[PDB]
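**Student:** The file below is coords-v8.pdb, PDB, N, CA and C atoms:
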ATOM      1  N   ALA D   2     -27.842  32.968  13.727
ATOM      2  CA  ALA D   2     -28.180  32.949  15.145
ATOM      3  C   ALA D   2     -28.531  31.539  15.596
ATOM      4  N   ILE D   3     -29.396  31.440  16.603
ATOM      5  CA  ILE D   3     -29.809  30.139  17.110
ATOM      6  C   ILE D   3     -30.692  29.450  16.081
ATOM      7  N   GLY D   4     -30.347  28.208  15.745
ATOM      8  CA  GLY D   4     -31.149  27.384  14.874
ATOM      9  C   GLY D   4     -31.770  26.226  15.635
ATOM     10  N   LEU D   5     -32.482  25.391  14.891
ATOM     11  CA  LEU D   5     -33.062  24.200  15.487
ATOM     12  C   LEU D   5     -31.948  23.279  15.978
ATOM     13  N   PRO D   6     -32.155  22.564  17.082
ATOM     14  CA  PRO D   6     -31.125  21.635  17.557
ATOM     15  C   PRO D   6     -30.782  20.614  16.484
ATOM     16  N   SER D   7     -29.488  20.355  16.328
ATOM     17  CA  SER D   7     -29.000  19.551  15.221
ATOM     18  C   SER D   7     -28.073  18.462  15.730
ATOM     19  N   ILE D   8     -28.254  17.257  15.201
ATOM     20  CA  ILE D   8     -27.351  16.138  15.431
ATOM     21  C   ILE D   8     -26.926  15.621  14.065
ATOM     22  N   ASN D   9     -25.654  15.805  13.726
ATOM     23  CA  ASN D   9     -25.141  15.384  12.431
ATOM     24  C   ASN D   9     -23.949  14.465  12.631
ATOM     25  N   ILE D  10     -23.970  13.324  11.950
ATOM     26  CA  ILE D  10     -22.878  12.362  11.965
ATOM     27  C   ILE D  10     -22.235  12.375  10.587
ATOM     28  N   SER D  11     -20.916  12.540  10.547
ATOM     29  CA  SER D  11     -20.175  12.630   9.298
ATOM     30  C   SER D  11     -19.212  11.458   9.183
ATOM     31  N   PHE D  12     -19.218  10.801   8.027
ATOM     32  CA  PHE D  12     -18.265   9.749   7.708
ATOM     33  C   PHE D  12     -17.332  10.249   6.616
ATOM     34  N   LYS D  13     -16.030  10.181   6.872
ATOM     35  CA  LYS D  13     -15.033  10.538   5.876
ATOM     36  C   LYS D  13     -13.859   9.575   5.962
ATOM     37  N   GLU D  14     -13.335   9.195   4.799
ATOM     38  CA  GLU D  14     -12.215   8.261   4.718
ATOM     39  C   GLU D  14     -10.919   9.034   4.477
ATOM     40  N   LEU D  15     -10.355   9.538   5.575
ATOM     41  CA  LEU D  15      -9.068  10.228   5.521
ATOM     42  C   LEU D  15      -7.968   9.170   5.649
ATOM     43  N   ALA D  16      -7.748   8.468   4.535
ATOM     44  CA  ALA D  16      -6.672   7.489   4.445
ATOM     45  C   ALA D  16      -6.019   7.499   3.068
ATOM     46  N   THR D  17      -6.251   8.542   2.275
ATOM     47  CA  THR D  17      -5.813   8.572   0.883
ATOM     48  C   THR D  17      -4.507   9.356   0.763
ATOM     49  N   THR D  18      -3.417   8.690   1.137
ATOM     50  CA  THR D  18      -2.099   9.294   1.007
ATOM     51  C   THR D  18      -1.040   8.204   0.972
ATOM     52  N   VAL D  19       0.094   8.547   0.363
ATOM     53  CA  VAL D  19       1.289   7.714   0.387
ATOM     54  C   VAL D  19       2.470   8.626   0.099
ATOM     55  N   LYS D  20       3.601   8.343   0.742
ATOM     56  CA  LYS D  20       4.773   9.218   0.701
ATOM     57  C   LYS D  20       4.380  10.646   1.084
ATOM     58  N   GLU D  21       3.939  10.788   2.331
ATOM     59  CA  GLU D  21       3.368  12.043   2.800
ATOM     60  C   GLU D  21       4.393  13.169   2.731
ATOM     61  N   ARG D  22       3.899  14.373   2.466
ATOM     62  CA  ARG D  22       4.761  15.529   2.285
ATOM     63  C   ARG D  22       5.285  16.037   3.623
ATOM     64  N   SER D  23       6.495  16.582   3.588
ATOM     65  CA  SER D  23       7.103  17.163   4.773
ATOM     66  C   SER D  23       6.518  18.540   5.052
ATOM     67  N   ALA D  24       6.555  18.936   6.325
ATOM     68  CA  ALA D  24       6.111  20.277   6.690
ATOM     69  C   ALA D  24       7.033  21.340   6.110
ATOM     70  N   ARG D  25       8.334  21.077   6.097
ATOM     71  CA  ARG D  25       9.313  22.013   5.568
ATOM     72  C   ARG D  25       9.529  21.784   4.075
ATOM     73  N   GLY D  26      10.134  22.777   3.429
ATOM     74  CA  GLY D  26      10.493  22.662   2.030
ATOM     75  C   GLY D  26       9.511  23.321   1.086
ATOM     76  N   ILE D  27       9.893  24.468   0.531
ATOM     77  CA  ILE D  27       9.079  25.195  -0.435
ATOM     78  C   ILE D  27       9.948  25.506  -1.642
ATOM     79  N   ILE D  28       9.460  25.156  -2.827
ATOM     80  CA  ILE D  28      10.186  25.364  -4.073
ATOM     81  C   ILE D  28       9.426  26.377  -4.912
ATOM     82  N   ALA D  29      10.154  27.329  -5.485
ATOM     83  CA  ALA D  29       9.580  28.333  -6.367
ATOM     84  C   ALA D  29      10.196  28.191  -7.749
ATOM     85  N   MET D  30       9.344  28.052  -8.760
ATOM     86  CA  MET D  30       9.770  27.910 -10.145
ATOM     87  C   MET D  30       9.179  29.042 -10.968
ATOM     88  N   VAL D  31       9.998  29.644 -11.824
ATOM     89  CA  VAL D  31       9.547  30.669 -12.757
ATOM     90  C   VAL D  31       9.762  30.151 -14.175
ATOM     91  N   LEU D  32       8.754  30.330 -15.025
ATOM     92  CA  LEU D  32       8.704  29.691 -16.331
ATOM     93  C   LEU D  32       8.301  30.695 -17.399
ATOM     94  N   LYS D  33       8.671  30.391 -18.642
ATOM     95  CA  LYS D  33       8.282  31.182 -19.802
ATOM     96  C   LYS D  33       7.260  30.395 -20.611
ATOM     97  N   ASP D  34       6.063  30.956 -20.757
ATOM     98  CA  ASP D  34       4.997  30.312 -21.513
ATOM     99  C   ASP D  34       4.003  31.371 -21.964
ATOM    100  N   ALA D  35       3.097  30.962 -22.851
ATOM    101  CA  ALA D  35       2.104  31.870 -23.404
ATOM    102  C   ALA D  35       0.800  31.893 -22.619
ATOM    103  N   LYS D  36       0.535  30.883 -21.798
ATOM    104  CA  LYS D  36      -0.715  30.779 -21.061
ATOM    105  C   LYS D  36      -0.445  30.577 -19.576
ATOM    106  N   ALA D  37      -1.522  30.669 -18.792
ATOM    107  CA  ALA D  37      -1.480  30.480 -17.340
ATOM    108  C   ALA D  37      -0.490  31.437 -16.679
ATOM    109  N   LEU D  38      -0.447  32.674 -17.168
ATOM    110  CA  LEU D  38       0.468  33.662 -16.619
ATOM    111  C   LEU D  38       0.090  34.007 -15.183
ATOM    112  N   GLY D  39       1.109  34.258 -14.368
ATOM    113  CA  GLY D  39       0.921  34.553 -12.962
ATOM    114  C   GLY D  39       1.288  33.376 -12.079
ATOM    115  N   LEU D  40       1.123  33.593 -10.778
ATOM    116  CA  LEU D  40       1.442  32.573  -9.789
ATOM    117  C   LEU D  40       0.364  31.497  -9.774
ATOM    118  N   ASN D  41       0.792  30.236  -9.819
ATOM    119  CA  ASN D  41      -0.104  29.079  -9.756
ATOM    120  C   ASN D  41       0.515  28.073  -8.792
ATOM    121  N   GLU D  42       0.116  28.139  -7.525
ATOM    122  CA  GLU D  42       0.628  27.198  -6.539
ATOM    123  C   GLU D  42       0.136  25.790  -6.854
ATOM    124  N   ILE D  43       1.000  24.806  -6.627
ATOM    125  CA  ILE D  43       0.715  23.413  -6.954
ATOM    126  C   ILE D  43       0.929  22.597  -5.687
ATOM    127  N   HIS D  44      -0.167  22.213  -5.036
ATOM    128  CA  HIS D  44      -0.071  21.434  -3.808
ATOM    129  C   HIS D  44       0.242  19.969  -4.092
ATOM    130  N   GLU D  45      -0.282  19.425  -5.186
ATOM    131  CA  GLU D  45      -0.099  18.015  -5.513
ATOM    132  C   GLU D  45      -0.291  17.840  -7.018
ATOM    133  N   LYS D  46      -0.394  16.583  -7.458
ATOM    134  CA  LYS D  46      -0.442  16.301  -8.890
ATOM    135  C   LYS D  46      -1.816  16.605  -9.481
ATOM    136  N   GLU D  47      -2.886  16.371  -8.717
ATOM    137  CA  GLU D  47      -4.229  16.489  -9.282
ATOM    138  C   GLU D  47      -4.544  17.917  -9.713
ATOM    139  N   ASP D  48      -3.957  18.915  -9.052
ATOM    140  CA  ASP D  48      -4.180  20.316  -9.410
ATOM    141  C   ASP D  48      -2.967  20.827 -10.182
ATOM    142  N   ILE D  49      -2.969  20.550 -11.482
ATOM    143  CA  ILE D  49      -1.972  21.056 -12.416
ATOM    144  C   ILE D  49      -2.712  21.845 -13.487
ATOM    145  N   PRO D  50      -2.287  23.065 -13.815
ATOM    146  CA  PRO D  50      -2.945  23.801 -14.902
ATOM    147  C   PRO D  50      -2.834  23.049 -16.219
ATOM    148  N   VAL D  51      -3.911  23.100 -17.005
ATOM    149  CA  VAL D  51      -3.981  22.295 -18.219
ATOM    150  C   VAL D  51      -3.436  23.050 -19.426
TER     151      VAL D  51
ATOM    152  N   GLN A 305       1.215 -10.069   2.211
ATOM    153  CA  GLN A 305       0.389  -9.226   3.067
ATOM    154  C   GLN A 305       1.168  -8.014   3.559
ATOM    155  N   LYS A 306       2.432  -8.214   3.937
ATOM    156  CA  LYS A 306       3.253  -7.096   4.387
ATOM    157  C   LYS A 306       3.463  -6.086   3.268
ATOM    158  N   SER A 307       3.708  -6.569   2.048
ATOM    159  CA  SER A 307       3.872  -5.662   0.916
ATOM    160  C   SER A 307       2.592  -4.883   0.644
ATOM    161  N   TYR A 308       1.439  -5.552   0.720
ATOM    162  CA  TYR A 308       0.173  -4.857   0.501
ATOM    163  C   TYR A 308      -0.068  -3.800   1.570
ATOM    164  N   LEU A 309       0.212  -4.132   2.831
ATOM    165  CA  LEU A 309       0.039  -3.158   3.905
ATOM    166  C   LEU A 309       0.971  -1.968   3.724
ATOM    167  N   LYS A 310       2.226  -2.224   3.345
ATOM    168  CA  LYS A 310       3.162  -1.133   3.102
ATOM    169  C   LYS A 310       2.695  -0.256   1.948
ATOM    170  N   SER A 311       2.134  -0.867   0.903
ATOM    171  CA  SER A 311       1.561  -0.083  -0.184
ATOM    172  C   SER A 311       0.399   0.767   0.312
ATOM    173  N   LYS A 312      -0.413   0.220   1.221
ATOM    174  CA  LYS A 312      -1.497   1.003   1.806
ATOM    175  C   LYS A 312      -0.968   2.179   2.616
ATOM    176  N   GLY A 313       0.265   2.086   3.110
ATOM    177  CA  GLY A 313       0.893   3.177   3.823
ATOM    178  C   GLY A 313       0.931   3.042   5.329
ATOM    179  N   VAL A 314       0.478   1.924   5.878
ATOM    180  CA  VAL A 314       0.487   1.732   7.323
ATOM    181  C   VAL A 314       1.885   1.330   7.776
ATOM    182  N   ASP A 315       2.264   1.774   8.971
ATOM    183  CA  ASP A 315       3.578   1.477   9.524
ATOM    184  C   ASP A 315       3.533   0.167  10.301
ATOM    185  N   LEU A 316       4.437  -0.750   9.957
ATOM    186  CA  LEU A 316       4.506  -2.070  10.570
ATOM    187  C   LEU A 316       5.651  -2.200  11.566
ATOM    188  N   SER A 317       6.250  -1.083  11.984
ATOM    189  CA  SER A 317       7.494  -1.144  12.746
ATOM    190  C   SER A 317       7.309  -1.836  14.092
ATOM    191  N   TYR A 318       6.204  -1.561  14.783
ATOM    192  CA  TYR A 318       6.013  -2.042  16.145
ATOM    193  C   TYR A 318       5.098  -3.254  16.247
ATOM    194  N   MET A 319       4.407  -3.630  15.177
ATOM    195  CA  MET A 319       3.458  -4.730  15.272
ATOM    196  C   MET A 319       4.172  -6.073  15.373
ATOM    197  N   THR A 320       3.556  -6.985  16.117
ATOM    198  CA  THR A 320       4.033  -8.352  16.241
ATOM    199  C   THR A 320       3.615  -9.155  15.010
ATOM    200  N   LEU A 321       4.263 -10.310  14.825
ATOM    201  CA  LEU A 321       3.942 -11.170  13.690
ATOM    202  C   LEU A 321       2.469 -11.559  13.693
ATOM    203  N   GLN A 322       1.919 -11.852  14.873
ATOM    204  CA  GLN A 322       0.500 -12.174  14.968
ATOM    205  C   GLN A 322      -0.363 -10.996  14.534
ATOM    206  N   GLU A 323       0.017  -9.779  14.932
ATOM    207  CA  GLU A 323      -0.771  -8.605  14.569
ATOM    208  C   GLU A 323      -0.774  -8.382  13.063
ATOM    209  N   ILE A 324       0.376  -8.567  12.413
ATOM    210  CA  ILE A 324       0.425  -8.433  10.961
ATOM    211  C   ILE A 324      -0.342  -9.567  10.294
ATOM    212  N   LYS A 325      -0.381 -10.742  10.925
ATOM    213  CA  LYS A 325      -1.131 -11.859  10.362
ATOM    214  C   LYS A 325      -2.621 -11.548  10.277
ATOM    215  N   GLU A 326      -3.175 -10.904  11.303
ATOM    216  CA  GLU A 326      -4.606 -10.645  11.374
ATOM    217  C   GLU A 326      -4.958  -9.183  11.122
ATOM    218  N   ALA A 327      -4.056  -8.420  10.514
ATOM    219  CA  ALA A 327      -4.376  -7.047  10.155
ATOM    220  C   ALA A 327      -5.443  -7.019   9.067
ATOM    221  N   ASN A 328      -6.297  -6.001   9.121
ATOM    222  CA  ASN A 328      -7.375  -5.888   8.148
ATOM    223  C   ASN A 328      -6.811  -5.573   6.770
ATOM    224  N   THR A 329      -7.280  -6.306   5.762
ATOM    225  CA  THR A 329      -6.819  -6.134   4.391
ATOM    226  C   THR A 329      -7.947  -5.774   3.434
ATOM    227  N   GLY A 330      -9.183  -5.729   3.909
ATOM    228  CA  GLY A 330     -10.300  -5.451   3.022
ATOM    229  C   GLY A 330     -10.813  -6.724   2.390
ATOM    230  N   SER A 331     -11.031  -6.682   1.076
ATOM    231  CA  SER A 331     -11.555  -7.845   0.369
ATOM    232  C   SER A 331     -10.482  -8.900   0.128
ATOM    233  N   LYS A 332      -9.249  -8.475  -0.134
ATOM    234  CA  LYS A 332      -8.212  -9.389  -0.595
ATOM    235  C   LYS A 332      -7.788 -10.362   0.499
ATOM    236  N   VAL A 333      -7.408 -11.565   0.073
ATOM    237  CA  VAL A 333      -6.900 -12.609   0.954
ATOM    238  C   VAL A 333      -5.612 -13.157   0.355
ATOM    239  N   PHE A 334      -4.590 -13.317   1.191
ATOM    240  CA  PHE A 334      -3.294 -13.827   0.761
ATOM    241  C   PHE A 334      -2.999 -15.135   1.480
ATOM    242  N   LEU A 335      -2.609 -16.154   0.714
ATOM    243  CA  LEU A 335      -2.305 -17.466   1.267
ATOM    244  C   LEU A 335      -1.181 -18.100   0.462
ATOM    245  N   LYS A 336      -0.509 -19.071   1.078
ATOM    246  CA  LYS A 336       0.526 -19.843   0.408
ATOM    247  C   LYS A 336       0.567 -21.243   1.001
ATOM    248  N   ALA A 337       1.050 -22.197   0.207
ATOM    249  CA  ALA A 337       1.042 -23.598   0.601
ATOM    250  C   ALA A 337       2.254 -24.311   0.020
ATOM    251  N   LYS A 338       2.553 -25.477   0.591
ATOM    252  CA  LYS A 338       3.656 -26.320   0.151
ATOM    253  C   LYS A 338       3.159 -27.742  -0.050
ATOM    254  N   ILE A 339       3.479 -28.325  -1.206
ATOM    255  CA  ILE A 339       3.129 -29.703  -1.527
ATOM    256  C   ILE A 339       4.327 -30.369  -2.194
ATOM    257  N   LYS A 340       4.238 -31.689  -2.333
ATOM    258  CA  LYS A 340       5.208 -32.476  -3.082
ATOM    259  C   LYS A 340       4.454 -33.456  -3.964
ATOM    260  N   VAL A 341       4.806 -33.497  -5.245
ATOM    261  CA  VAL A 341       4.090 -34.296  -6.233
ATOM    262  C   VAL A 341       4.834 -35.609  -6.428
ATOM    263  N   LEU A 342       4.145 -36.720  -6.185
ATOM    264  CA  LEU A 342       4.725 -38.033  -6.412
ATOM    265  C   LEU A 342       4.793 -38.339  -7.905
ATOM    266  N   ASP A 343       5.631 -39.313  -8.250
ATOM    267  CA  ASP A 343       5.779 -39.748  -9.629
ATOM    268  C   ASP A 343       6.004 -41.252  -9.669
ATOM    269  N   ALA A 344       5.575 -41.869 -10.767
ATOM    270  CA  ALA A 344       5.786 -43.294 -10.957
ATOM    271  C   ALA A 344       7.243 -43.571 -11.311
ATOM    272  N   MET A 345       7.680 -44.795 -11.020
ATOM    273  CA  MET A 345       9.073 -45.168 -11.222
ATOM    274  C   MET A 345       9.446 -45.113 -12.698
ATOM    275  N   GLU A 346      10.610 -44.529 -12.983
ATOM    276  CA  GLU A 346      11.070 -44.398 -14.360
ATOM    277  C   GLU A 346      12.494 -44.920 -14.520
ATOM    278  N   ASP A 347      13.296 -44.833 -13.460
ATOM    279  CA  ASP A 347      14.687 -45.265 -13.487
ATOM    280  C   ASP A 347      14.960 -46.157 -12.288
ATOM    281  N   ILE A 348      15.575 -47.309 -12.537
ATOM    282  CA  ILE A 348      15.893 -48.281 -11.499
ATOM    283  C   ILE A 348      17.364 -48.649 -11.622
ATOM    284  N   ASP A 349      18.060 -48.692 -10.489
ATOM    285  CA  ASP A 349      19.461 -49.083 -10.444
ATOM    286  C   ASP A 349      19.648 -50.099  -9.328
ATOM    287  N   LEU A 350      20.430 -51.139  -9.604
ATOM    288  CA  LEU A 350      20.617 -52.239  -8.671
ATOM    289  C   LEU A 350      22.091 -52.599  -8.575
ATOM    290  N   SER A 351      22.517 -52.993  -7.377
ATOM    291  CA  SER A 351      23.855 -53.515  -7.138
ATOM    292  C   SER A 351      23.732 -54.881  -6.481
ATOM    293  N   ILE A 352      24.440 -55.866  -7.025
ATOM    294  CA  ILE A 352      24.360 -57.247  -6.566
ATOM    295  C   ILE A 352      25.731 -57.679  -6.069
ATOM    296  N   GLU A 353      25.771 -58.224  -4.857
ATOM    297  CA  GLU A 353      26.980 -58.809  -4.295
ATOM    298  C   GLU A 353      26.859 -60.324  -4.376
ATOM    299  N   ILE A 354      27.785 -60.954  -5.092
ATOM    300  CA  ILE A 354      27.719 -62.388  -5.340
ATOM    301  C   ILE A 354      27.911 -63.156  -4.039
TER     302      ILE A 354
END
Could you spell out this file's structure in structure tokens?
**Tutor:**
Amino acid sequence: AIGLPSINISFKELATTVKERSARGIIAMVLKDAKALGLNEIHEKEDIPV
Amino acid sequence: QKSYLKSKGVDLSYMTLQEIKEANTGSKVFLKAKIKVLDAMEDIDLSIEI
């Protein structure tokens, strides 16, 4: 509900990109392995199953 | 400087040469210079007309 009046200033550096991804284009890959079974969406390199 | 800016990902298509000259680069500074190094005489050639 109503809280105390709040003034918050946020600093964020949204400049961390190169070769930006296109809005279009979706690739689906199916693989045979013993682990990580199921769907694992991969948005970029940092989130890769280990 | 242009290569560094392109690596940063900024678009230089519309900027003037002056604008790219004074674009913010952070800590790094890029400069270049031209000099010519003198040398003492080592070879002498003379032609004499009698």
**Student:** Taking only N, CA and C atoms into account, report as a PyMOL selection string which residues of chain A lie within 8 Å of chain D.
**Tutor:** chain A and resi 311-313
**Student:** Would you translate the PyMOL selection byres ((chain A and resi 322-329) around 8) into the concrete set of residues it matches in this file, as number ranges by chain?
**Tutor:** A: 305-306, 308-309, 316, 319-321, 330-333
**Student:** Can you spit out the residues from that selection as an mmCIF file, keeping the file's coordinate frame, using N, CA and C atoms?
**Tutor:**
data_model
loop_
_atom_site.group_PDB
_atom_site.id
_atom_site.type_symbol
_atom_site.label_atom_id
_atom_site.label_comp_id
_atom_site.auth_asym_id
_atom_site.auth_seq_id
_atom_site.Cartn_x
_atom_site.Cartn_y
_atom_site.Cartn_z
ATOM 1 N N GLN A 305 1.215 -10.069 2.211
ATOM 2 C CA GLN A 305 0.389 -9.226 3.067
ATOM 3 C C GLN A 305 1.168 -8.014 3.559
ATOM 4 N N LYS A 306 2.432 -8.214 3.937
ATOM 5 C CA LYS A 306 3.253 -7.096 4.387
ATOM 6 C C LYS A 306 3.463 -6.086 3.268
ATOM 7 N N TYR A 308 1.439 -5.552 0.720
ATOM 8 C CA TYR A 308 0.173 -4.857 0.501
ATOM 9 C C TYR A 308 -0.068 -3.800 1.570
ATOM 10 N N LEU A 309 0.212 -4.132 2.831
ATOM 11 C CA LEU A 309 0.039 -3.158 3.905
ATOM 12 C C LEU A 309 0.971 -1.968 3.724
ATOM 13 N N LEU A 316 4.437 -0.750 9.957
ATOM 14 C CA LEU A 316 4.506 -2.070 10.570
ATOM 15 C C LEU A 316 5.651 -2.200 11.566
ATOM 16 N N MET A 319 4.407 -3.630 15.177
ATOM 17 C CA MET A 319 3.458 -4.730 15.272
ATOM 18 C C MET A 319 4.172 -6.073 15.373
ATOM 19 N N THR A 320 3.556 -6.985 16.117
ATOM 20 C CA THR A 320 4.033 -8.352 16.241
ATOM 21 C C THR A 320 3.615 -9.155 15.010
ATOM 22 N N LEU A 321 4.263 -10.310 14.825
ATOM 23 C CA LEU A 321 3.942 -11.170 13.690
ATOM 24 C C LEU A 321 2.469 -11.559 13.693
ATOM 25 N N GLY A 330 -9.183 -5.729 3.909
ATOM 26 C CA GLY A 330 -10.300 -5.451 3.022
ATOM 27 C C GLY A 330 -10.813 -6.724 2.390
ATOM 28 N N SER A 331 -11.031 -6.682 1.076
ATOM 29 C CA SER A 331 -11.555 -7.845 0.369
ATOM 30 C C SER A 331 -10.482 -8.900 0.128
ATOM 31 N N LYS A 332 -9.249 -8.475 -0.134
ATOM 32 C CA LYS A 332 -8.212 -9.389 -0.595
ATOM 33 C C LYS A 332 -7.788 -10.362 0.499
ATOM 34 N N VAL A 333 -7.408 -11.565 0.073
ATOM 35 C CA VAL A 333 -6.900 -12.609 0.954
ATOM 36 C C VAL A 333 -5.612 -13.157 0.355
#
**Student:** Tell me which of D:41, D:8, D:2, D:14 sits closest to residue 29 of chain D, counting only C-alpha atoms.
**Tutor:**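 Counting only C-alpha atoms, the residue closest to residue 29 of chain D is D:41.
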**Student:** Atom C of residue 40 of chain D to atom CA of residue 15 of chain D: how many Å, to one decimal?
**Tutor:**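 Atom-to-atom, atom C of residue 40 of chain D to atom CA of residue 15 of chain D, that is 27.8 Å.
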**Student:** Which of these residues is nearest to residue 37 of chain D, using only N, CA and C atoms: D:51, D:10, D:24, D:5?
**Tutor:** D:51
**Student:** Atom N of residue 47 of chain D and atom N of residue 33 of chain D, how far apart in Å?
**Tutor:**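 Those two atoms sit 20.7 Å apart.
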**Student:** How far is it from atom CA of residue 43 of chain D to atom N of residue 22 of chain D, in Å with one decimal?
**Tutor:**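 Value for the atom CA of residue 43 of chain D-atom N of residue 22 of chain D distance: 13.4 Å.
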**Student:** As AutoDock Vina command-line options, please: the centre and edge lengths in Å, to one decimal, of an axis-aligned box enclosing every listed atom of segment 319-322 of chain A with 4 Å added on each side.
**Tutor:**
--center_x 2.0 --center_y -7.9 --center_z 15.0 --size_x 12.8 --size_y 16.5 --size_z 10.6
